[PDB]
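Student: Sending over a structure as structure tokens; questions will come in a sec.
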Number of protein chains: 4
Amino acid sequence: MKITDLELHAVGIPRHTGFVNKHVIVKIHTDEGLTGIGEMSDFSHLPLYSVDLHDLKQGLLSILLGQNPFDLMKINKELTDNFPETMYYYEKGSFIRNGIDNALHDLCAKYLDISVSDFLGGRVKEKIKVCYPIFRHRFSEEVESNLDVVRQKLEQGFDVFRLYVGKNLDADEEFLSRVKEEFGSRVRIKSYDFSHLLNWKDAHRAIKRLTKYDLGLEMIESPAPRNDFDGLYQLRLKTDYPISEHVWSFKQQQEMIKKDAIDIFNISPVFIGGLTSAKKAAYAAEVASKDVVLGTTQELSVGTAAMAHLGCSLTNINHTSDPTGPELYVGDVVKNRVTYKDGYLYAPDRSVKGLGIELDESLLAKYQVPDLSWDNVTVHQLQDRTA
Amino acid sequence: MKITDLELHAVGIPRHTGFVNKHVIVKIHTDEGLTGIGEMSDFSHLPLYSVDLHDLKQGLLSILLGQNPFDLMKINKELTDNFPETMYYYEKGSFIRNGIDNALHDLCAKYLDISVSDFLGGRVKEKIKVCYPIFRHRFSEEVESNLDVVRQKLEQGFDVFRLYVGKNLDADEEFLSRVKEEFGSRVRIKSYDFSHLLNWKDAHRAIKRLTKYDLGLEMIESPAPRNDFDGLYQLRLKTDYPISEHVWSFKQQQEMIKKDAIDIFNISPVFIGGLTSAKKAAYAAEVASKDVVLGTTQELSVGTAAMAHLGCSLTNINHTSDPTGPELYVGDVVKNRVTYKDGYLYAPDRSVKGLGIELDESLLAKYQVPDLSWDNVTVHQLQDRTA
Amino acid sequence: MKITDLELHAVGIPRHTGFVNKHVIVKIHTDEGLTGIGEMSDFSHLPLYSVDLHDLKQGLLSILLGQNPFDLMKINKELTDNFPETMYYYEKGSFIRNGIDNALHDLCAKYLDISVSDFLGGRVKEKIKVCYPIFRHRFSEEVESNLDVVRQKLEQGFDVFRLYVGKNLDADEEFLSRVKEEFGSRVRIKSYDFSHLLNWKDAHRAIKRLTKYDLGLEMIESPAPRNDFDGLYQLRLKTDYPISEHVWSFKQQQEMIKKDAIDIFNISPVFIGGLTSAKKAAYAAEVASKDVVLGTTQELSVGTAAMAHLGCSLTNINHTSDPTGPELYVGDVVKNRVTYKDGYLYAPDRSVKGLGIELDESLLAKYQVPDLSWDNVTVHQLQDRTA
Amino acid sequence: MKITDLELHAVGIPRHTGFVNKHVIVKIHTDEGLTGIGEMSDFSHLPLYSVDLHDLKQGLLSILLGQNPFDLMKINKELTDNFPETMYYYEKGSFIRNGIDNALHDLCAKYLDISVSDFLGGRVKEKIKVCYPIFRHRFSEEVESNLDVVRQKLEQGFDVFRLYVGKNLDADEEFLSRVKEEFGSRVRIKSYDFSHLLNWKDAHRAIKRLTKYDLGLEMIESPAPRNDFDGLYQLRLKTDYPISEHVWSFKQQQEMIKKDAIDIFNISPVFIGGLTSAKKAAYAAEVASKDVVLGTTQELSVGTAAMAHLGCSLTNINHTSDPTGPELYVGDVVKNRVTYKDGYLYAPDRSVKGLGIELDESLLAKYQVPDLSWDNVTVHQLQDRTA
Ligand SMILES: [Mg+2]
Ligand SMILES: [Mg+2]
Ligand SMILES: [Mg+2]
Ligand SMILES: [Mg+2]
């Protein structure tokens, strides 16, 4: 059993918010004809440059060609050796490793005729509560529109959301006020995400005024600059609400643990390099008796299926998670998208081999994009995921 | 696919040193007729009391009955809930969880017709260098005999050993002197193990005089009392040689990491609760960029096969490990013991499904013991594994 | 005065060691016809992926178009906003910002008819002592060859070198022994560079044995993993020799200062984002009363000219620096390379406007490369700069 | 291009408050006839002794004679070597270095026929919000008068002020109450300045009662004794409002950074030694991701012009600054004072070469003073700037 070829299909898929993300669907071929599919999710984050996929294919084939897909530890080591962890939230090399590693999980699972679930430790639950995102307001005039989103998604079953805040505290507070005002306890906003936009003492003042509205608030996320472990700690000591932060590298996670800087570790395959790396981060968190939430970069059904399996295998997830990609994207690349019911992400059928997903070549062709080049976008738009 | 029954076979197997250990071979039965075998290795450690196996079977069946053997995360959680981690090196509950978890790995692997290796991440190497133990000298008159052991095992292929020290520094030094004297660089003693017998400043003085003899010394092990994280740290700062310590609980490992108390994490399934728990500890160590060595309690071929698979899957093992059970025990319970060649433990045939081991009912019956009751043994003998 | 267009010329230039690096020569055009030239130096470092220059041109033009080249603070802010600092040594976005910022310095200087020197604070000296690099030995058989290099460069005027160590301590020591042996005090090796390959306690042991040879040793560089501020500190407390480390981001530099983790801050434009960013790092170091050495990634004459001006403006450089690119590369892209005499890098003629360098279109065309795609190279080769 | 002579013109200029300050206007002459003008601002601060200007001219000429005005790094080094930093807020040597360095910027800019702005990094903005000062009340009877000042300056365009507090908390509170009472939200008091008069726990109690009045409060300044880094830290942890402190020396700034003692670094050329030193402090603050406010000692138009250019070049100024000298002084020494409109300090015309200011010899002669000798003044008056 050995890898013989690799395919990288770039796609451009807009969201209902109008923001257009580019992803790369991965295909790993073997000698026995079995193919694994994966996803390098959302390359549309800073820095403002793009990876050459023709070159990337050679590099990855160079690493993978002839390897036994079951040597995940070995292969992941070589992937990390060629794509070092950078201590940065959106390292494109992490998205790359993720697409390879999750495609390998698909490949291995299909080969054994089992669900990726049974290759990750099984099930602890069959679905995980998630939340729909309301992107940050920079102006008060954006509030009304986001209120329609709440009203609309709530009707479709999502009773839990999360709010990106920090750029205009007045608009943030206005939105929260309007929500409480109109839906009362019908809607919950499980977290206010600062996206590392504020220094901790500034986050502290903002947290203090935003938490006047507690609609089932579960955590405050990224309330300090990237890698400001000490800032996170001081803030963790000053706020009653749990402090969550994303895990984008092992070194960074080690440091937050040593400093006891946070309460909840937001782990998501795409930012840490894949399912193999996510399990490592998750287990490190378990060993440290730390809570975990399944974060997201908002991925397509292939990626969401992968994280769904992993998510339903974790025993230390006691809060609402964030993957709602398929609901946010107007398009997708599979025959049947992962399912969301009542604000819950369902783990794919445990009977279906592999990821429990199937590619739709017509959709691939439809959303096909020549490369990962950027479009006219502003820094603010990239940070807020707006258009 | 569901568990229907459980069997616990107690065996008494003496070592060439004369010390007699009791183990429990595990059998987990399923509805589809597939059975997984495991090992609760070496119950012959303090405290001086024994577990009732009739009662234990009911308790474990109570947890396992009807469960899907693939729900390792779920099952391990319940096992931990019923057998809490105690922060003690020889918690018998850990040996118990270990036998269940490794039998589950055997069961799952057999079911998918693959080697436990392919269920643990694959292979990074095919064998791991190990060392033969020379138990501690309490009197100078024990030296000559242990020299015969070195001479004899060296001839059989083991060129690396490890020495338990601390009770009689004169005898320790005498042995080391005699070895260097007779074998020169032909034999290596990769570590001096204090077994937590000394307070750190005492270990420091002992380390200082013992390290006059460096026959390829790789680490100093357990040079501080159990759980003395600060003592380990101070000592780690005063010694050039790496400091290794056993991982017997997640809380304990978390603390050694936060304090950066050691250089090498000695991880072994039996002391942490099984393959699932060992992978967690191993990954926590990887996330912390810490070195790892595969420790041991000296197990039979069933247990050694399990650790062998795990060992050959780890990427952060850069020193000599310790599992040499089958070489130390006069007896075993399998048709073909795991193989040792040139001081290397070979991972079982990757083609053979499961653990790659086969029980020999005649041997089970031969070494069969009514229970895990103790024999006339002294505290010193239990700490040193002597007779 | 405003920017109207941008040009990115990729070149492939091999070294005498055989390693082939790819660089990008930058041209920023203005409405008044004045053009500034810059250099995005050495993209041939991990991670193993490449940036699309067609896309990059649009992104950068998007930021620069219409801007007044004199608004360095403003422009650098926007550059950082689009290419966030990642806490990683070889962030390609940093190389990119560097090429833009140094071309802007060239543009502004030419506009005022002055040397970039007079735009950076003037001169403190006219030349800076540098050292020629001897790349790391992985095998003893590589020693003889590197000895020829020493003998040969020494004859050409370089009496100071630096050695990359860490992978084969025996070969390192062998080389050092042979040098001392053959040249006595004629040659100096100002530093042993570990390239973050070892954990600090391991570096400590290595440092201890390598420093048996002190041929004018000035510093130990990168003796701890990337961003291991605490490891650097502990080591700084255990070694008499100064500890130097590269500055690859402001956050990272801030942390090393707060922890007093090192003795010498190795600052180089290419890794921190340009001359503007390097001055900031340099001034931060001055405010902290910390020593500074001008590091390097080994750049062409355009980049070397830029760093030369900056280097001769600093008052806190009291050790030998590292930029010897033009001596290491078989080719270059200018009419007259920067000059090295007696192991000193000379700052370009202070009378010549701009960088004091001139592009040679024929050379640009000669070493022209279609893109920044990778060639068959190994991880080891990328870390050691060998072929 | 070389310096040939120096002139120091002492002037005495009273404020509308009646306090009389002495300044020294600087003139640096060159061989090519180009002259740079500068300002050693406000010598009227403790300690109670004065510098001999005849002697000072010899000393400075001794340092400057024959030097190339463009060697700012070199010259500033020599200036610091002759006028060491003392860790004291009002070190007269700092005022001296400032006048020389800013005159050198004027000289260099004129020489290149550009604005000092284009010699400091360009523009990030064209004006900076500033505040008018209300000096501290020692008695309740001083309140009414200061209320007239608010009412009057507000009418002239200044809607933001700052209040010096600490000696009579009752009068402080009375003033604040009266302001809120009469102007509501029309006037803002961006900061309460303690002038290091109180120990931190005392400042904490005072802060607690004064902040009952929040008229757009932006920061609490100098709430701890001079150089009490630990006191600033403890207080920074107990107050929600940002803590700002002046930067009077590199060593002091380094220490506040290492201890993370404050939120806002108040940087002003006069207290740190000039534009060159201010940029260093500013960049150190940028590298540390710390906020900055342009402080002041209240300077004439020459000095205010200099700081204006620097201020409009900084990217990390996100609060209201303090330079309002020309509005506070009844007299000045230029043909056209820097302009203030709507509480904003405007950067001098970017088209005018140099500082964008012109000396008025008649005014120099008018406010001419024989020396910097003191007049009958009390300690309280010197601390509060009252008469
Ligand atoms: Mg995303
Ligand atoms: Mg044992
Ligand atoms: Mg380089
Ligand atoms: Mg003053």
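Ordered as shown in the structure tokens, chains take letters A, B, and onward, while each chain numbers its residues from 1 and ligands are numbered from 1 in the order shown.
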Please, which residues have at least one atom within 9 Å of an atom of ligand 1, using only C-alpha atoms and all ligand atoms, listed as a list in words?
Tutor: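 Selection of residues at most 9 Å from ligand 1: residues 21, 41, 42, 43, 44, 45, 90, 296, 297, 298, 299 and 385 of chain A.
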Student: Considering only C-alpha atoms, tabulate each residue of chain C that lies at most 10 Å from chain D along with its nearest interatomic pair and the corresponding distance in Å to one decimal; arrange the rows by chain and ascending residue number and present them as a Markdown table.
Tutor:
```
| residue | atom | partner | partner_atom | distance |
| --- | --- | --- | --- | --- |
| C:68 | CA | D:122 | CA | 8.6 |
| C:69 | CA | D:122 | CA | 8.7 |
| C:70 | CA | D:122 | CA | 5.4 |
| C:71 | CA | D:122 | CA | 4.1 |
| C:72 | CA | D:121 | CA | 5.1 |
| C:73 | CA | D:121 | CA | 5.4 |
| C:74 | CA | D:124 | CA | 5.4 |
| C:75 | CA | D:124 | CA | 9.0 |
| C:76 | CA | D:121 | CA | 9.9 |
| C:77 | CA | D:315 | CA | 7.6 |
| C:108 | CA | D:118 | CA | 9.4 |
| C:111 | CA | D:112 | CA | 9.9 |
| C:112 | CA | D:112 | CA | 6.3 |
| C:113 | CA | D:112 | CA | 8.4 |
| C:114 | CA | D:112 | CA | 8.7 |
| C:117 | CA | D:70 | CA | 9.1 |
| C:118 | CA | D:70 | CA | 6.0 |
| C:119 | CA | D:119 | CA | 7.4 |
| C:120 | CA | D:73 | CA | 8.7 |
| C:121 | CA | D:72 | CA | 5.0 |
| C:122 | CA | D:71 | CA | 4.1 |
| C:123 | CA | D:71 | CA | 5.7 |
| C:124 | CA | D:74 | CA | 5.4 |
| C:125 | CA | D:74 | CA | 9.0 |
| C:249 | CA | D:287 | CA | 8.6 |
| C:250 | CA | D:287 | CA | 4.9 |
| C:251 | CA | D:288 | CA | 6.7 |
| C:252 | CA | D:287 | CA | 9.2 |
| C:253 | CA | D:287 | CA | 7.5 |
| C:254 | CA | D:288 | CA | 5.4 |
| C:255 | CA | D:288 | CA | 8.5 |
| C:256 | CA | D:258 | CA | 9.8 |
| C:257 | CA | D:258 | CA | 7.1 |
| C:258 | CA | D:258 | CA | 4.2 |
| C:259 | CA | D:258 | CA | 7.5 |
| C:260 | CA | D:258 | CA | 8.7 |
| C:276 | CA | D:121 | CA | 8.9 |
| C:277 | CA | D:283 | CA | 9.3 |
| C:279 | CA | D:283 | CA | 8.4 |
| C:280 | CA | D:283 | CA | 5.2 |
| C:281 | CA | D:287 | CA | 6.9 |
| C:282 | CA | D:280 | CA | 8.9 |
| C:283 | CA | D:280 | CA | 5.2 |
| C:284 | CA | D:284 | CA | 4.2 |
| C:285 | CA | D:284 | CA | 7.9 |
| C:286 | CA | D:280 | CA | 8.0 |
| C:287 | CA | D:250 | CA | 4.8 |
| C:288 | CA | D:254 | CA | 5.3 |
| C:289 | CA | D:251 | CA | 7.6 |
| C:312 | CA | D:73 | CA | 10.0 |
| C:313 | CA | D:73 | CA | 6.5 |
| C:314 | CA | D:73 | CA | 7.2 |
| C:315 | CA | D:73 | CA | 7.1 |
```
Student: Pick out the residues no farther than 12 Å from ligand 4, counting only C-alpha atoms and all ligand atoms, and list them as a ChimeraX atom specification.
Tutor: /D:15,19-23,40-46,89-92,95,133,135,195,268-271,295-300,303,322-325,328-329,382-386
Student: Compile the contact shell of residue 179 (chain B) as an MDAnalysis selection string: residues with an atom at most 9 Å away, counting only C-alpha atoms, same-chain residues fewer than 6 positions apart removed.
Tutor: chainID B and resid 147 150 187 215
Student: Could you save those same residues with N, CA and C atoms as a PDB file, in the first residue's frame?
Tutor:
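Contents of the output file result_16.pdb:
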```pdb
ATOM      1  N   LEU B 147      28.274  -8.941  37.906  1.00  0.00           N
ATOM      2  CA  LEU B 147      29.284  -8.830  36.863  1.00  0.00           C
ATOM      3  C   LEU B 147      29.119 -10.010  35.913  1.00  0.00           C
ATOM      4  N   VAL B 150      26.357  -9.158  33.513  1.00  0.00           N
ATOM      5  CA  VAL B 150      26.810  -8.283  32.439  1.00  0.00           C
ATOM      6  C   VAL B 150      27.554  -9.098  31.388  1.00  0.00           C
ATOM      7  N   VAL B 187      30.733  -2.286  27.028  1.00  0.00           N
ATOM      8  CA  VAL B 187      29.422  -2.215  27.649  1.00  0.00           C
ATOM      9  C   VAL B 187      29.076  -0.783  28.020  1.00  0.00           C
ATOM     10  N   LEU B 215      30.059   5.380  31.237  1.00  0.00           N
ATOM     11  CA  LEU B 215      30.113   4.340  30.220  1.00  0.00           C
ATOM     12  C   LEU B 215      28.947   4.547  29.263  1.00  0.00           C
TER      13      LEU B 215
END
```
Student: When DSSP works through the backbone of this structure, what residues of region 164-252 of chain A end up as strand (DSSP E), shown as a ChimeraX atom specification?
Tutor: /A:164,188-193,219-221,243-246
Student: Could the residues in this selection be written to a file with C-alpha atoms, as a PDB file, in the first residue's frame?
Tutor:
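Just written: selection10.pdb:
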```pdb
ATOM      1  CA  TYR A 164     -16.697  39.366  16.867  1.00  0.00           C
ATOM      2  CA  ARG A 188     -27.544  32.931  23.067  1.00  0.00           C
ATOM      3  CA  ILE A 189     -24.214  34.526  22.157  1.00  0.00           C
ATOM      4  CA  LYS A 190     -21.677  32.093  23.602  1.00  0.00           C
ATOM      5  CA  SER A 191     -18.645  34.314  23.131  1.00  0.00           C
ATOM      6  CA  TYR A 192     -17.289  37.742  22.264  1.00  0.00           C
ATOM      7  CA  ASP A 193     -14.216  37.383  20.024  1.00  0.00           C
ATOM      8  CA  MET A 219     -16.222  32.601  27.020  1.00  0.00           C
ATOM      9  CA  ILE A 220     -14.259  35.649  25.918  1.00  0.00           C
ATOM     10  CA  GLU A 221     -11.975  34.784  23.023  1.00  0.00           C
ATOM     11  CA  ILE A 243     -10.801  32.996  28.593  1.00  0.00           C
ATOM     12  CA  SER A 244     -10.360  31.027  25.368  1.00  0.00           C
ATOM     13  CA  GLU A 245      -7.610  31.269  22.786  1.00  0.00           C
ATOM     14  CA  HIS A 246      -6.700  29.442  19.584  1.00  0.00           C
TER      15      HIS A 246
END
```
Student: Which residues, written as a list in words, have at least one atom at most 7 Å from residue 326 (chain B), with only C-alpha atoms counted and residues fewer than 6 positions away on the same chain left out?
Tutor: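 The filter keeps residues 300, 301, 332 and 337 of chain B.
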Student: Just how far from CA of residue 293 (chain B) is CA of residue 317 (chain B), in Å to one decimal?
Tutor: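 If I compute the distance from CA of residue 317 (chain B) to CA of residue 293 (chain B), I get 5.5 Å.
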Student: Could you tell me how far CA of residue 81 (chain C) sits from CA of residue 47 (chain A), in Å to one decimal place?
Tutor: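 So the answer is 8.3 Å.
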Student: List the spatial neighbours of residue 5 (chain B) as a PyMOL selection string - criterion: any atom at most 7 Å away, only C-alpha atoms, same-chain residues fewer than 5 positions off excluded.
Tutor: chain B and resi 28-30+61+65
Student: Take the residues that were just selected and, keeping N, CA, C and O atoms, output them as a short mmCIF file (atom, residue, chain, number, x, y, z; two decimals), in the first residue's frame.
Tutor:
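Writing done, so here's selection-v8.cif:
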```cif
data_model
loop_
_atom_site.label_atom_id
_atom_site.label_comp_id
_atom_site.auth_asym_id
_atom_site.auth_seq_id
_atom_site.Cartn_x
_atom_site.Cartn_y
_atom_site.Cartn_z
N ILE B 28 -10.92 -10.17 26.45
CA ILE B 28 -12.18 -9.46 26.31
C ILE B 28 -12.92 -10.13 25.15
O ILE B 28 -12.41 -10.16 24.02
N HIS B 29 -14.09 -10.68 25.44
CA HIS B 29 -14.89 -11.36 24.41
C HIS B 29 -15.98 -10.47 23.83
O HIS B 29 -16.51 -9.59 24.52
N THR B 30 -16.33 -10.71 22.57
CA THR B 30 -17.37 -9.94 21.93
C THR B 30 -18.46 -10.85 21.41
O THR B 30 -18.33 -12.08 21.43
N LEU B 61 -16.56 -5.76 34.06
CA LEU B 61 -17.63 -6.20 33.15
C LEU B 61 -18.72 -5.16 33.19
O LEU B 61 -19.33 -4.82 32.17
N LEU B 65 -19.36 -4.26 29.57
CA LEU B 65 -20.46 -4.99 28.95
C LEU B 65 -21.32 -4.17 28.00
O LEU B 65 -21.90 -3.15 28.38
#
```
Student: Could you go through region 312-351 of chain C and tell me which residues DSSP, when run on the backbone, assigns to helix (DSSP H, G or I), listing them as a PyMOL selection string?
Tutor: chain C and resi 325-328
Student: Env of residue 339 (chain D): 9 Å cut, atoms = only C-alpha atoms, seq-sep filter 4 positions within chain, self excluded. Answer as an MDAnalysis selection string.
Tutor: chainID D and resid 326 344:348
Student: Within 10 Å of residue 207 (chain A), counting only C-alpha atoms, which residues qualify if same-chain residues fewer than 5 places away don't, as a PyMOL selection string?
Tutor: chain A and resi 165-166+169+192+194+200-202+212+220+223+235+239+241
Student: I need the residues from that last selection saved to file as a PDB file, in the first residue's frame (with N, CA, C and O atoms), if you can.
Tutor:
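Once everything was written out, this is again_7.pdb:
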```
ATOM      1  N   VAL A 165     -16.029  41.251  18.255  1.00  0.00           N
ATOM      2  CA  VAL A 165     -16.105  42.626  18.775  1.00  0.00           C
ATOM      3  C   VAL A 165     -14.738  43.296  18.830  1.00  0.00           C
ATOM      4  O   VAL A 165     -13.735  42.718  18.420  1.00  0.00           O
ATOM      5  N   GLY A 166     -14.709  44.526  19.331  1.00  0.00           N
ATOM      6  CA  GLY A 166     -13.437  45.202  19.472  1.00  0.00           C
ATOM      7  C   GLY A 166     -13.116  46.458  18.688  1.00  0.00           C
ATOM      8  O   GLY A 166     -12.339  47.275  19.172  1.00  0.00           O
ATOM      9  N   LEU A 169     -16.869  49.530  20.028  1.00  0.00           N
ATOM     10  CA  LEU A 169     -17.594  49.082  21.209  1.00  0.00           C
ATOM     11  C   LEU A 169     -19.034  49.577  21.294  1.00  0.00           C
ATOM     12  O   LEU A 169     -19.883  48.918  21.909  1.00  0.00           O
ATOM     13  N   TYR A 192     -17.641  36.486  22.904  1.00  0.00           N
ATOM     14  CA  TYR A 192     -17.289  37.742  22.264  1.00  0.00           C
ATOM     15  C   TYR A 192     -15.827  37.529  21.870  1.00  0.00           C
ATOM     16  O   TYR A 192     -14.977  37.278  22.725  1.00  0.00           O
ATOM     17  N   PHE A 194     -12.400  38.974  20.253  1.00  0.00           N
ATOM     18  CA  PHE A 194     -11.650  40.204  20.014  1.00  0.00           C
ATOM     19  C   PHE A 194     -10.639  40.084  18.889  1.00  0.00           C
ATOM     20  O   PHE A 194     -10.117  41.087  18.409  1.00  0.00           O
ATOM     21  N   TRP A 200      -4.315  43.637  26.479  1.00  0.00           N
ATOM     22  CA  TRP A 200      -5.161  43.134  27.557  1.00  0.00           C
ATOM     23  C   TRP A 200      -5.895  44.117  28.454  1.00  0.00           C
ATOM     24  O   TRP A 200      -7.068  43.889  28.766  1.00  0.00           O
ATOM     25  N   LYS A 201      -5.257  45.203  28.879  1.00  0.00           N
ATOM     26  CA  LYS A 201      -5.977  46.142  29.740  1.00  0.00           C
ATOM     27  C   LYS A 201      -7.116  46.807  28.983  1.00  0.00           C
ATOM     28  O   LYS A 201      -8.119  47.219  29.572  1.00  0.00           O
ATOM     29  N   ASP A 202      -6.960  46.920  27.671  1.00  0.00           N
ATOM     30  CA  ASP A 202      -8.006  47.512  26.847  1.00  0.00           C
ATOM     31  C   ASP A 202      -9.137  46.484  26.718  1.00  0.00           C
ATOM     32  O   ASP A 202     -10.316  46.833  26.744  1.00  0.00           O
ATOM     33  N   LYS A 212     -22.254  43.397  30.070  1.00  0.00           N
ATOM     34  CA  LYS A 212     -23.416  43.968  30.744  1.00  0.00           C
ATOM     35  C   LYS A 212     -24.562  43.152  30.159  1.00  0.00           C
ATOM     36  O   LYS A 212     -25.640  43.024  30.737  1.00  0.00           O
ATOM     37  N   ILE A 220     -14.726  34.438  26.578  1.00  0.00           N
ATOM     38  CA  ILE A 220     -14.259  35.649  25.918  1.00  0.00           C
ATOM     39  C   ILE A 220     -13.102  35.082  25.115  1.00  0.00           C
ATOM     40  O   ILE A 220     -12.253  34.382  25.669  1.00  0.00           O
ATOM     41  N   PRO A 223      -8.768  37.774  23.826  1.00  0.00           N
ATOM     42  CA  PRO A 223      -8.789  39.135  24.366  1.00  0.00           C
ATOM     43  C   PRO A 223      -7.406  39.793  24.566  1.00  0.00           C
ATOM     44  O   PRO A 223      -7.278  40.793  25.275  1.00  0.00           O
ATOM     45  N   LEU A 235      -5.441  38.825  32.506  1.00  0.00           N
ATOM     46  CA  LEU A 235      -6.844  38.978  32.176  1.00  0.00           C
ATOM     47  C   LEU A 235      -7.666  37.807  32.721  1.00  0.00           C
ATOM     48  O   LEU A 235      -8.806  37.986  33.161  1.00  0.00           O
ATOM     49  N   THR A 239     -11.066  38.464  35.050  1.00  0.00           N
ATOM     50  CA  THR A 239     -12.412  38.196  34.541  1.00  0.00           C
ATOM     51  C   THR A 239     -12.988  36.921  35.142  1.00  0.00           C
ATOM     52  O   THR A 239     -12.264  35.946  35.362  1.00  0.00           O
ATOM     53  N   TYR A 241     -15.520  35.338  33.628  1.00  0.00           N
ATOM     54  CA  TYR A 241     -15.789  34.524  32.456  1.00  0.00           C
ATOM     55  C   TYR A 241     -14.534  33.816  31.986  1.00  0.00           C
ATOM     56  O   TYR A 241     -13.428  34.331  32.127  1.00  0.00           O
TER      57      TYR A 241
END
```
Student: Between CA of residue 321 (chain B) and CA of residue 149 (chain B), measure the distance and give it in Å to one decimal.
Tutor: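 Answer for the CA of residue 321 (chain B) to CA of residue 149 (chain B) separation: 18.9 Å.
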Student: Compare D:316, D:98, D:363, D:9 by their minimum atom-to-atom distance to residue 330 (chain D), counting only C-alpha atoms, and give me the closest one.
Tutor: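 Nearest to residue 330 (chain D): D:363.
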Student: Which of these residues is nearest to residue 159 (chain B), using only C-alpha atoms: B:59, B:236, B:320, B:96?
Tutor: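 So, comparing all the options, the nearest one is B:320.
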